[PDB]
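Visitor: To be precise about what I am sending: the file is called final-v3.txt and holds compact mmCIF, C-alpha atoms.
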```txt
# COMPACT_ATOMS: atom_id res chain seq x y z
CA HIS A 1 -34.37 -30.22 9.00
CA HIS A 2 -34.32 -29.82 12.78
CA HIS A 3 -34.51 -33.46 13.80
CA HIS A 4 -31.85 -35.08 11.62
CA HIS A 5 -28.62 -33.75 10.20
CA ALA A 6 -28.74 -33.10 6.49
CA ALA A 7 -26.36 -35.45 4.65
CA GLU A 8 -24.64 -32.45 3.08
CA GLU A 9 -23.63 -31.22 6.58
CA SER A 10 -22.23 -34.58 7.80
CA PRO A 11 -18.70 -34.07 6.37
CA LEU A 12 -18.43 -30.74 8.21
CA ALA A 13 -19.61 -32.25 11.48
CA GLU A 14 -17.04 -35.02 11.03
CA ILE A 15 -14.17 -32.58 10.40
CA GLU A 16 -15.16 -30.78 13.59
CA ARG A 17 -15.45 -33.94 15.66
CA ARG A 18 -12.10 -35.34 14.54
CA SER A 19 -10.16 -32.18 15.41
CA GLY A 20 -12.16 -30.77 18.33
CA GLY A 21 -13.28 -27.25 18.86
CA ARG A 22 -16.15 -25.47 17.16
CA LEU A 23 -16.34 -25.16 13.35
CA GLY A 24 -18.65 -22.71 11.57
CA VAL A 25 -19.22 -22.95 7.82
CA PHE A 26 -21.52 -21.22 5.37
CA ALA A 27 -21.37 -21.28 1.58
CA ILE A 28 -23.75 -19.93 -1.03
CA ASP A 29 -24.00 -20.47 -4.77
CA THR A 30 -24.95 -16.99 -6.00
CA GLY A 31 -26.67 -18.36 -9.08
CA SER A 32 -29.02 -20.89 -7.55
CA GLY A 33 -29.15 -19.71 -3.95
CA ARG A 34 -28.23 -23.18 -2.73
CA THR A 35 -26.34 -23.19 0.56
CA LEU A 36 -24.12 -25.36 2.75
CA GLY A 37 -23.80 -24.79 6.48
CA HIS A 38 -22.65 -26.01 9.87
CA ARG A 39 -23.09 -23.75 12.90
CA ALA A 40 -23.78 -21.12 10.25
CA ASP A 41 -25.73 -18.93 12.68
CA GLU A 42 -23.35 -19.20 15.64
CA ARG A 43 -21.10 -16.28 16.59
CA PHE A 44 -17.32 -16.38 16.15
CA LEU A 45 -14.63 -13.77 16.70
CA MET A 46 -13.89 -12.04 13.40
CA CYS A 47 -10.21 -11.37 14.08
CA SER A 48 -8.67 -9.94 10.91
CA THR A 49 -11.71 -10.88 8.84
CA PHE A 50 -13.10 -7.49 9.97
CA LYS A 51 -10.43 -5.87 7.78
CA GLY A 52 -12.22 -7.02 4.63
CA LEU A 53 -15.25 -5.04 5.78
CA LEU A 54 -13.14 -2.07 6.89
CA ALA A 55 -11.49 -1.82 3.47
CA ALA A 56 -14.97 -1.68 1.91
CA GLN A 57 -16.10 1.02 4.36
CA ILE A 58 -13.13 3.16 3.36
CA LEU A 59 -13.69 2.61 -0.36
CA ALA A 60 -17.35 3.57 0.10
CA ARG A 61 -16.11 6.83 1.62
CA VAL A 62 -13.90 7.32 -1.45
CA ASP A 63 -16.97 6.71 -3.63
CA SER A 64 -19.00 9.35 -1.77
CA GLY A 65 -16.24 11.98 -1.83
CA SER A 66 -15.69 11.71 1.94
CA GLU A 67 -12.18 10.32 1.33
CA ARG A 68 -9.52 10.27 -1.40
CA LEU A 69 -7.38 7.31 -2.42
CA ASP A 70 -4.32 9.54 -2.66
CA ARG A 71 -4.68 11.28 0.70
CA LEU A 72 -1.74 10.77 3.05
CA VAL A 73 -2.54 9.46 6.53
CA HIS A 74 0.20 10.45 8.97
CA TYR A 75 1.55 8.24 11.75
CA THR A 76 4.65 7.57 13.83
CA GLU A 77 6.38 4.72 15.63
CA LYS A 78 3.95 5.23 18.55
CA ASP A 79 1.17 3.87 16.33
CA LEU A 80 2.88 0.60 15.43
CA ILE A 81 1.61 -2.69 16.83
CA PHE A 82 2.41 -6.31 15.94
CA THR A 83 1.86 -7.82 12.48
CA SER A 84 2.14 -4.48 10.72
CA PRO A 85 4.82 -5.10 8.07
CA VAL A 86 3.83 -2.39 5.61
CA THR A 87 3.19 0.43 8.06
CA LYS A 88 6.33 -0.60 9.98
CA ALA A 89 8.36 -0.49 6.75
CA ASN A 90 7.05 3.00 5.92
CA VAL A 91 7.06 4.57 9.40
CA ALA A 92 10.12 6.75 8.78
CA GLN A 93 8.29 8.31 5.82
CA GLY A 94 5.65 9.33 8.36
CA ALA A 95 2.57 8.60 6.24
CA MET A 96 0.91 6.25 3.77
CA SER A 97 -1.90 6.89 1.32
CA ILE A 98 -5.46 5.69 1.92
CA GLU A 99 -5.04 3.44 -1.11
CA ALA A 100 -1.82 1.92 0.25
CA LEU A 101 -3.38 1.39 3.69
CA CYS A 102 -6.39 -0.37 2.17
CA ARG A 103 -4.02 -2.58 0.21
CA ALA A 104 -1.97 -3.31 3.34
CA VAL A 105 -4.99 -4.45 5.35
CA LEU A 106 -6.24 -6.69 2.52
CA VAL A 107 -2.91 -8.12 1.36
CA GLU A 108 -1.05 -8.43 4.68
CA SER A 109 -3.69 -7.95 7.43
CA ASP A 110 -1.55 -4.99 8.54
CA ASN A 111 -2.74 -4.20 12.07
CA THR A 112 -1.62 -0.59 12.33
CA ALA A 113 -2.99 0.12 8.86
CA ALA A 114 -6.42 -1.04 10.06
CA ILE A 115 -6.28 1.17 13.18
CA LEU A 116 -5.27 4.18 11.07
CA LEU A 117 -8.15 3.55 8.65
CA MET A 118 -10.55 3.25 11.57
CA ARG A 119 -9.12 6.52 12.96
CA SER A 120 -9.95 8.20 9.66
CA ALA A 121 -13.49 6.85 9.48
CA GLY A 122 -15.20 6.82 12.89
CA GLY A 123 -13.82 3.72 14.61
CA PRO A 124 -15.51 0.38 15.31
CA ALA A 125 -18.91 2.05 15.68
CA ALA A 126 -18.73 3.44 12.15
CA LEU A 127 -17.66 0.07 10.73
CA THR A 128 -20.65 -1.51 12.47
CA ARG A 129 -22.94 1.23 11.11
CA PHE A 130 -21.56 0.62 7.61
CA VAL A 131 -22.51 -3.07 7.67
CA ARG A 132 -25.88 -2.31 9.28
CA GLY A 133 -26.59 -0.04 6.33
CA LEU A 134 -25.94 -3.04 4.09
CA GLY A 135 -28.62 -5.03 5.95
CA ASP A 136 -26.26 -6.99 8.21
CA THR A 137 -27.71 -6.84 11.72
CA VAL A 138 -25.35 -9.50 13.10
CA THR A 139 -21.73 -8.49 12.44
CA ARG A 140 -20.30 -6.05 14.95
CA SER A 141 -16.95 -4.31 15.41
CA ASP A 142 -16.40 -3.05 18.95
CA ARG A 143 -12.71 -2.93 19.90
CA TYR A 144 -9.24 -2.44 18.45
CA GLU A 145 -6.51 -5.04 18.16
CA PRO A 146 -5.06 -6.78 20.03
CA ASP A 147 -8.01 -6.84 22.46
CA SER A 148 -10.50 -7.41 19.61
CA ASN A 149 -8.84 -10.83 19.14
CA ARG A 150 -10.08 -11.96 22.57
CA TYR A 151 -13.51 -13.42 23.23
CA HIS A 152 -15.69 -11.06 25.23
CA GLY A 153 -19.38 -11.88 24.89
CA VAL A 154 -20.55 -10.87 21.42
CA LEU A 155 -17.95 -8.11 20.89
CA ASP A 156 -16.17 -8.21 17.51
CA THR A 157 -18.09 -11.24 16.26
CA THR A 158 -19.96 -12.32 13.16
CA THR A 159 -21.61 -15.52 12.00
CA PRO A 160 -20.42 -17.47 8.95
CA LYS A 161 -23.74 -16.79 7.23
CA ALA A 162 -23.82 -13.07 8.03
CA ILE A 163 -20.31 -12.28 6.82
CA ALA A 164 -20.77 -14.42 3.69
CA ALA A 165 -23.93 -12.45 2.85
CA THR A 166 -22.18 -9.14 3.50
CA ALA A 167 -19.21 -10.20 1.37
CA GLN A 168 -21.66 -11.03 -1.42
CA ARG A 169 -23.23 -7.58 -1.16
CA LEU A 170 -19.84 -5.84 -1.18
CA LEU A 171 -18.37 -7.82 -4.05
CA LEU A 172 -21.43 -8.51 -6.23
CA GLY A 173 -24.19 -6.19 -4.99
CA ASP A 174 -23.44 -2.78 -6.56
CA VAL A 175 -22.75 -1.14 -3.21
CA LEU A 176 -19.27 -0.02 -4.34
CA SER A 177 -18.30 1.80 -7.54
CA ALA A 178 -16.83 -0.30 -10.34
CA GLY A 179 -13.35 0.91 -9.39
CA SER A 180 -13.79 0.36 -5.65
CA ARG A 181 -15.36 -3.07 -6.15
CA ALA A 182 -12.43 -4.11 -8.35
CA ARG A 183 -9.92 -2.68 -5.86
CA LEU A 184 -11.50 -4.69 -3.01
CA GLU A 185 -11.37 -7.90 -5.02
CA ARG A 186 -7.81 -7.18 -6.17
CA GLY A 187 -6.54 -6.83 -2.60
CA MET A 188 -8.35 -10.02 -1.60
CA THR A 189 -6.94 -11.87 -4.63
CA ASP A 190 -3.39 -10.72 -3.75
CA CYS A 191 -3.87 -11.59 -0.06
CA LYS A 192 -1.03 -13.67 1.39
CA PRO A 193 -1.89 -14.78 4.98
CA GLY A 194 -4.81 -17.01 3.90
CA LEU A 195 -3.20 -18.99 1.08
CA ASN A 196 -3.04 -22.21 3.14
CA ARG A 197 -6.76 -21.99 4.07
CA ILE A 198 -9.81 -22.22 1.76
CA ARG A 199 -7.85 -21.40 -1.39
CA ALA A 200 -5.45 -24.33 -0.89
CA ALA A 201 -8.40 -26.72 -1.35
CA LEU A 202 -9.75 -25.27 -4.59
CA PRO A 203 -9.24 -27.00 -7.95
CA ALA A 204 -6.53 -25.67 -10.23
CA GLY A 205 -8.01 -22.99 -12.45
CA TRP A 206 -10.59 -21.67 -10.00
CA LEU A 207 -10.01 -17.98 -9.32
CA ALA A 208 -10.47 -16.90 -5.72
CA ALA A 209 -10.07 -13.95 -3.37
CA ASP A 210 -10.09 -14.25 0.42
CA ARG A 211 -9.75 -12.47 3.76
CA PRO A 212 -8.35 -14.52 6.69
CA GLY A 213 -8.20 -13.84 10.40
CA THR A 214 -6.35 -15.49 13.24
CA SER A 215 -5.81 -15.34 16.97
CA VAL A 216 -2.78 -16.98 18.53
CA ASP A 217 -4.70 -19.02 21.07
CA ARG A 218 -7.80 -20.31 19.27
CA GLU A 219 -9.35 -18.62 16.24
CA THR A 220 -8.62 -19.42 12.58
CA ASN A 221 -10.98 -17.90 9.99
CA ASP A 222 -11.26 -17.25 6.28
CA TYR A 223 -13.94 -16.01 3.90
CA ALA A 224 -13.64 -16.19 0.14
CA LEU A 225 -15.17 -15.22 -3.17
CA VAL A 226 -14.74 -18.25 -5.41
CA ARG A 227 -14.96 -18.04 -9.21
CA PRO A 228 -15.00 -21.41 -10.96
CA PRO A 229 -14.92 -21.08 -14.76
CA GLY A 230 -18.30 -21.28 -16.46
CA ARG A 231 -20.67 -20.82 -13.50
CA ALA A 232 -21.87 -18.17 -11.07
CA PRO A 233 -19.49 -17.26 -8.23
CA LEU A 234 -19.80 -18.64 -4.74
CA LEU A 235 -19.09 -17.17 -1.31
CA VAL A 236 -17.75 -19.35 1.50
CA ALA A 237 -16.94 -18.52 5.13
CA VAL A 238 -15.13 -20.84 7.56
CA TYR A 239 -14.62 -19.86 11.21
CA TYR A 240 -12.82 -22.23 13.57
CA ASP A 241 -12.67 -21.71 17.35
CA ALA A 242 -10.28 -24.34 18.73
CA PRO A 243 -8.43 -23.51 21.96
CA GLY A 244 -5.29 -25.58 22.37
CA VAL A 245 -5.08 -26.68 18.70
CA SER A 246 -1.95 -25.54 16.90
CA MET A 247 -2.17 -22.81 14.28
CA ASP A 248 -1.06 -25.28 11.60
CA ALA A 249 -3.67 -27.85 12.65
CA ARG A 250 -6.35 -25.14 12.59
CA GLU A 251 -5.40 -24.23 9.02
CA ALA A 252 -5.64 -27.92 8.11
CA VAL A 253 -9.25 -27.89 9.36
CA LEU A 254 -9.98 -24.93 7.10
CA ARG A 255 -8.51 -26.84 4.15
CA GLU A 256 -10.65 -29.88 5.00
CA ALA A 257 -13.73 -27.64 5.16
CA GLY A 258 -12.65 -26.11 1.85
CA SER A 259 -12.49 -29.58 0.30
CA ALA A 260 -15.98 -30.35 1.63
CA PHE A 261 -17.12 -27.07 0.06
CA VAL A 262 -15.62 -28.04 -3.32
CA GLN A 263 -17.31 -31.44 -3.18
CA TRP A 264 -20.64 -29.80 -2.36
CA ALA A 265 -20.28 -27.13 -5.05
CA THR A 266 -19.42 -29.62 -7.79
CA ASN A 267 -22.11 -32.23 -6.96
CA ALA A 268 -25.19 -30.67 -5.35
CA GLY A 269 -24.67 -26.98 -4.79
```
Starting from the file, give its structure as structure tokens.
Guide:
Amino acid sequence: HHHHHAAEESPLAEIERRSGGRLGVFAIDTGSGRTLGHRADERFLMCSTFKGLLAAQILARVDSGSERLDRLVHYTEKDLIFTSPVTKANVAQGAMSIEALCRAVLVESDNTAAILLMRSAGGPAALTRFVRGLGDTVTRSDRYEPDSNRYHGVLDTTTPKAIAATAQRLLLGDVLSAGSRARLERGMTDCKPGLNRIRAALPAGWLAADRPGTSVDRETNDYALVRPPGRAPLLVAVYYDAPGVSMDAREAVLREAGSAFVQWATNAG
């Protein structure tokens, strides 16, 4: 389908054209293998979406005995950076458990929690190696926040298709133990910063779990595991790179893409 747009992609192209910027979408029905995409193989900054992969890397270390959920990771005020509500709240205690840090990155995108987890586990290179071992040769983690939220060639990027496939492996592919897999999905279900993105477009009664990411000046992302009653789950990733568009308007684009996803999933996909 290289000469003409597929009809199923037209609504996504129209959302992008009406708002400006560059919109990447990929969705997969895990039962049938049917897919929906727009710019699905283009690179976008992950921003906090990397934290959904980081949490899985840490839980895989728990599974292998290289880490313990209850181990205390020590830190001080010198470690705190912006958007770190949980680690900031606990700094006087001087430590948080691995389990609590994983929950903080998934539920609140806690920035310092993610840096502390990376400190425990080998840094961006080890996160990249973790996803490579899952068969993802695209996604790469290279820097720490805040600099990892700034475009710099291919550093700290994924594609919508690659991260959706990796999310499917992590959540449905038997790469984590039953307990770790459930703990990953639980944190993503309880996640707060993405509730006005893909999940706001889903029909009442669909269960979903997501991981968002944002930069102040351009990037608004979300990926989700979507569980409609009575059918196989779906994965959907939406990455929006829109310099000069307000954060609220960028979330509205993600909701529009989410609605296009629901229409696709309920009629052809």
Visitor: Could you check which of A:232, A:134, A:6, A:202 is closest to residue 166 (chain A), using all atoms listed in the file?
Guide: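 Distance minimum relative to residue 166 (chain A) lands on A:134.
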Visitor: For residue 264 (chain A), which of A:128, A:236, A:154, A:40 is the closest residue, counting all atoms listed in the file?
Guide: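 Nearest to residue 264 (chain A): A:236.
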Visitor: From the list A:173, A:76, A:51, A:83, which residue is nearest residue 124 (chain A) when using all atoms listed in the file?
Guide: A:51
Visitor: For the contact check between region 52-110 of chain A and region 205-217 of chain A, emit one row per residue of region 52-110 of chain A within 9 Å, containing the shortest atom pair and the distance in Å rounded to one decimal, counting all atoms listed in the file, chain then rising number order, as CSV.
Guide:
```
residue,atom,partner,partner_atom,distance
A:52,CA,A:211,CA,6.0
A:106,CA,A:211,CA,6.9
A:107,CA,A:211,CA,8.5
A:109,CA,A:213,CA,8.0
```
Visitor: Using only C-alpha atoms, what residues lie at most 12 Å away from (-7.2, -9.6, -3.2) (file coordinates), given as a PDB file with C-alpha atoms, in the frame of the given file?
Guide:
```pdb
ATOM      1  CA  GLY A  52     -12.220  -7.020   4.630  1.00  0.00           C
ATOM      2  CA  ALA A  55     -11.490  -1.820   3.470  1.00  0.00           C
ATOM      3  CA  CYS A 102      -6.390  -0.370   2.170  1.00  0.00           C
ATOM      4  CA  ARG A 103      -4.020  -2.580   0.210  1.00  0.00           C
ATOM      5  CA  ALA A 104      -1.970  -3.310   3.340  1.00  0.00           C
ATOM      6  CA  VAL A 105      -4.990  -4.450   5.350  1.00  0.00           C
ATOM      7  CA  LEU A 106      -6.240  -6.690   2.520  1.00  0.00           C
ATOM      8  CA  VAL A 107      -2.910  -8.120   1.360  1.00  0.00           C
ATOM      9  CA  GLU A 108      -1.050  -8.430   4.680  1.00  0.00           C
ATOM     10  CA  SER A 109      -3.690  -7.950   7.430  1.00  0.00           C
ATOM     11  CA  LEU A 171     -18.370  -7.820  -4.050  1.00  0.00           C
ATOM     12  CA  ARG A 181     -15.360  -3.070  -6.150  1.00  0.00           C
ATOM     13  CA  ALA A 182     -12.430  -4.110  -8.350  1.00  0.00           C
ATOM     14  CA  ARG A 183      -9.920  -2.680  -5.860  1.00  0.00           C
ATOM     15  CA  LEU A 184     -11.500  -4.690  -3.010  1.00  0.00           C
ATOM     16  CA  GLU A 185     -11.370  -7.900  -5.020  1.00  0.00           C
ATOM     17  CA  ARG A 186      -7.810  -7.180  -6.170  1.00  0.00           C
ATOM     18  CA  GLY A 187      -6.540  -6.830  -2.600  1.00  0.00           C
ATOM     19  CA  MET A 188      -8.350 -10.020  -1.600  1.00  0.00           C
ATOM     20  CA  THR A 189      -6.940 -11.870  -4.630  1.00  0.00           C
ATOM     21  CA  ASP A 190      -3.390 -10.720  -3.750  1.00  0.00           C
ATOM     22  CA  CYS A 191      -3.870 -11.590  -0.060  1.00  0.00           C
ATOM     23  CA  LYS A 192      -1.030 -13.670   1.390  1.00  0.00           C
ATOM     24  CA  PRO A 193      -1.890 -14.780   4.980  1.00  0.00           C
ATOM     25  CA  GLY A 194      -4.810 -17.010   3.900  1.00  0.00           C
ATOM     26  CA  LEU A 195      -3.200 -18.990   1.080  1.00  0.00           C
ATOM     27  CA  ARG A 199      -7.850 -21.400  -1.390  1.00  0.00           C
ATOM     28  CA  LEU A 207     -10.010 -17.980  -9.320  1.00  0.00           C
ATOM     29  CA  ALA A 208     -10.470 -16.900  -5.720  1.00  0.00           C
ATOM     30  CA  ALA A 209     -10.070 -13.950  -3.370  1.00  0.00           C
ATOM     31  CA  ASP A 210     -10.090 -14.250   0.420  1.00  0.00           C
ATOM     32  CA  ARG A 211      -9.750 -12.470   3.760  1.00  0.00           C
ATOM     33  CA  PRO A 212      -8.350 -14.520   6.690  1.00  0.00           C
ATOM     34  CA  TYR A 223     -13.940 -16.010   3.900  1.00  0.00           C
ATOM     35  CA  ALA A 224     -13.640 -16.190   0.140  1.00  0.00           C
ATOM     36  CA  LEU A 225     -15.170 -15.220  -3.170  1.00  0.00           C
ATOM     37  CA  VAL A 226     -14.740 -18.250  -5.410  1.00  0.00           C
TER      38      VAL A 226
END
```
Visitor: When distances are computed from all atoms listed in the file, which of A:156, A:67, A:222, A:174 shows the smallest separation from residue 43 (chain A)?
Guide: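 Under the stated criterion, the closest residue is A:156.
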Visitor: Could you list, as a PDB file with C-alpha atoms, in the coordinates of the input, every residue within 6 Å of residue 218 (chain A), counting all atoms listed in the file and ignoring same-chain residues fewer than 3 positions away?
Guide:
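Just written: selection15.pdb:
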```
ATOM      1  CA  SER A 215      -5.810 -15.340  16.970  1.00  0.00           C
ATOM      2  CA  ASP A 241     -12.670 -21.710  17.350  1.00  0.00           C
ATOM      3  CA  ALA A 242     -10.280 -24.340  18.730  1.00  0.00           C
ATOM      4  CA  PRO A 243      -8.430 -23.510  21.960  1.00  0.00           C
TER       5      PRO A 243
END
```
Visitor: Pick out the closest residue to residue 29 (chain A) from this set: A:135, A:65, A:123, A:233. Count all atoms listed in the file.
Guide: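 Selected residue with least distance to residue 29 (chain A): A:233.
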Visitor: Residues near residue 96 (chain A), anyone? I mean within 9 Å using all atoms listed in the file, not counting same-chain ones fewer than 2 positions away, as a list in words.
Guide: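 Everything that qualifies: residues 70, 71, 72, 73, 74, 75, 87, 90, 91, 93, 94, 98, 99, 100, 101 and 113 of chain A.
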Visitor: May I have the residues within 9 Å of region 176-180 of chain A as a count of residues only, using all atoms listed in the file and disregarding those fewer than 4 positions away in the same chain?
Guide: 10
Visitor: Hey, can you check how far CA of residue 158 (chain A) sits from CA of residue 97 (chain A)?
Guide: 28.9 Å
Visitor: Distance CA of residue 22 (chain A)-CA of residue 161 (chain A), one decimal place?
Guide: 15.2 Å
Visitor: Between A:27, A:47, A:12, A:69, which is the closest to residue 168 (chain A) once you count only C-alpha atoms?
Guide: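 Result for the nearest residue to residue 168 (chain A): A:27.
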Visitor: Could you list, as a ChimeraX atom specification, every residue within 10 Å of residue 155 (chain A), counting only C-alpha atoms and ignoring same-chain residues fewer than 2 positions away?
Guide: /A:43-46,139-143,148-153,157-158
Visitor: So how far away is CA of residue 239 (chain A) from CA of residue 159 (chain A), in Å?
Guide: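 Between CA of residue 159 (chain A) and CA of residue 239 (chain A) the gap works out to 8.3 Å.
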Visitor: Excluding residue 35 (chain A) and residues on its chain fewer than 2 positions from it, collect all residues at most 12 Å away from it, counting all atoms listed in the file, and give them as an mmCIF file with C-alpha atoms, in the frame of the given file.
Guide:
```cif
data_model
loop_
_atom_site.group_PDB
_atom_site.id
_atom_site.type_symbol
_atom_site.label_atom_id
_atom_site.label_comp_id
_atom_site.auth_asym_id
_atom_site.auth_seq_id
_atom_site.Cartn_x
_atom_site.Cartn_y
_atom_site.Cartn_z
ATOM 1 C CA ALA A 6 -28.740 -33.100 6.490
ATOM 2 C CA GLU A 8 -24.640 -32.450 3.080
ATOM 3 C CA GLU A 9 -23.630 -31.220 6.580
ATOM 4 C CA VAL A 25 -19.220 -22.950 7.820
ATOM 5 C CA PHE A 26 -21.520 -21.220 5.370
ATOM 6 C CA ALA A 27 -21.370 -21.280 1.580
ATOM 7 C CA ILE A 28 -23.750 -19.930 -1.030
ATOM 8 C CA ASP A 29 -24.000 -20.470 -4.770
ATOM 9 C CA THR A 30 -24.950 -16.990 -6.000
ATOM 10 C CA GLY A 31 -26.670 -18.360 -9.080
ATOM 11 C CA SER A 32 -29.020 -20.890 -7.550
ATOM 12 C CA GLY A 33 -29.150 -19.710 -3.950
ATOM 13 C CA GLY A 37 -23.800 -24.790 6.480
ATOM 14 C CA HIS A 38 -22.650 -26.010 9.870
ATOM 15 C CA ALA A 40 -23.780 -21.120 10.250
ATOM 16 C CA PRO A 160 -20.420 -17.470 8.950
ATOM 17 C CA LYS A 161 -23.740 -16.790 7.230
ATOM 18 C CA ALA A 164 -20.770 -14.420 3.690
ATOM 19 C CA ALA A 165 -23.930 -12.450 2.850
ATOM 20 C CA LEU A 234 -19.800 -18.640 -4.740
ATOM 21 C CA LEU A 235 -19.090 -17.170 -1.310
ATOM 22 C CA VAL A 236 -17.750 -19.350 1.500
ATOM 23 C CA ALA A 237 -16.940 -18.520 5.130
ATOM 24 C CA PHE A 261 -17.120 -27.070 0.060
ATOM 25 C CA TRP A 264 -20.640 -29.800 -2.360
ATOM 26 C CA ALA A 265 -20.280 -27.130 -5.050
ATOM 27 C CA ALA A 268 -25.190 -30.670 -5.350
ATOM 28 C CA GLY A 269 -24.670 -26.980 -4.790
#
```
Visitor: Can you give me N, CA, C and O atoms for region 21-34 of chain A, written as a JSON list (two decimals), keeping the file's coordinate frame?
Guide:
```json
[["chain", "number", "residue", "atom", "x", "y", "z"],
["A", 21, "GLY", "N", -12.93, -28.63, 19.08],
["A", 21, "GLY", "CA", -13.28, -27.25, 18.86],
["A", 21, "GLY", "C", -14.63, -27.09, 18.18],
["A", 21, "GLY", "O", -15.45, -28.00, 18.12],
["A", 22, "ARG", "N", -14.84, -25.89, 17.65],
["A", 22, "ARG", "CA", -16.15, -25.47, 17.16],
["A", 22, "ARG", "C", -15.95, -24.88, 15.77],
["A", 22, "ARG", "O", -15.25, -23.87, 15.62],
["A", 23, "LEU", "N", -16.55, -25.51, 14.75],
["A", 23, "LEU", "CA", -16.34, -25.16, 13.35],
["A", 23, "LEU", "C", -17.62, -24.57, 12.77],
["A", 23, "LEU", "O", -18.67, -25.21, 12.80],
["A", 24, "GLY", "N", -17.53, -23.35, 12.24],
["A", 24, "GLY", "CA", -18.65, -22.71, 11.57],
["A", 24, "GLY", "C", -18.38, -22.57, 10.08],
["A", 24, "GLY", "O", -17.33, -22.10, 9.68],
["A", 25, "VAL", "N", -19.35, -22.98, 9.27],
["A", 25, "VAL", "CA", -19.22, -22.95, 7.82],
["A", 25, "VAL", "C", -20.51, -22.42, 7.22],
["A", 25, "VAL", "O", -21.61, -22.81, 7.63],
["A", 26, "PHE", "N", -20.39, -21.55, 6.21],
["A", 26, "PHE", "CA", -21.52, -21.22, 5.37],
["A", 26, "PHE", "C", -21.02, -20.95, 3.96],
["A", 26, "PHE", "O", -20.06, -20.20, 3.78],
["A", 27, "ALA", "N", -21.66, -21.55, 2.98],
["A", 27, "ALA", "CA", -21.37, -21.28, 1.58],
["A", 27, "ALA", "C", -22.66, -21.05, 0.83],
["A", 27, "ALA", "O", -23.71, -21.64, 1.14],
["A", 28, "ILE", "N", -22.59, -20.20, -0.19],
["A", 28, "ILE", "CA", -23.75, -19.93, -1.03],
["A", 28, "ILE", "C", -23.33, -19.89, -2.49],
["A", 28, "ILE", "O", -22.31, -19.28, -2.85],
["A", 29, "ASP", "N", -24.10, -20.57, -3.32],
["A", 29, "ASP", "CA", -24.00, -20.47, -4.77],
["A", 29, "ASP", "C", -24.84, -19.26, -5.19],
["A", 29, "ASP", "O", -26.07, -19.27, -5.01],
["A", 30, "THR", "N", -24.21, -18.22, -5.73],
["A", 30, "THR", "CA", -24.95, -16.99, -6.00],
["A", 30, "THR", "C", -25.90, -17.13, -7.18],
["A", 30, "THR", "O", -26.77, -16.27, -7.35],
["A", 31, "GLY", "N", -25.74, -18.16, -7.99],
["A", 31, "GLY", "CA", -26.67, -18.36, -9.08],
["A", 31, "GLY", "C", -27.96, -19.00, -8.63],
["A", 31, "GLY", "O", -29.06, -18.50, -8.92],
["A", 32, "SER", "N", -27.85, -20.11, -7.90],
["A", 32, "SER", "CA", -29.02, -20.89, -7.55],
["A", 32, "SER", "C", -29.56, -20.57, -6.17],
["A", 32, "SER", "O", -30.70, -20.94, -5.87],
["A", 33, "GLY", "N", -28.77, -19.91, -5.32],
["A", 33, "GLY", "CA", -29.15, -19.71, -3.95],
["A", 33, "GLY", "C", -28.98, -20.91, -3.06],
["A", 33, "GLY", "O", -29.31, -20.82, -1.87],
["A", 34, "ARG", "N", -28.46, -22.03, -3.58],
["A", 34, "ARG", "CA", -28.23, -23.18, -2.73],
["A", 34, "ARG", "C", -27.13, -22.88, -1.71],
["A", 34, "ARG", "O", -26.18, -22.14, -2.00]]
```
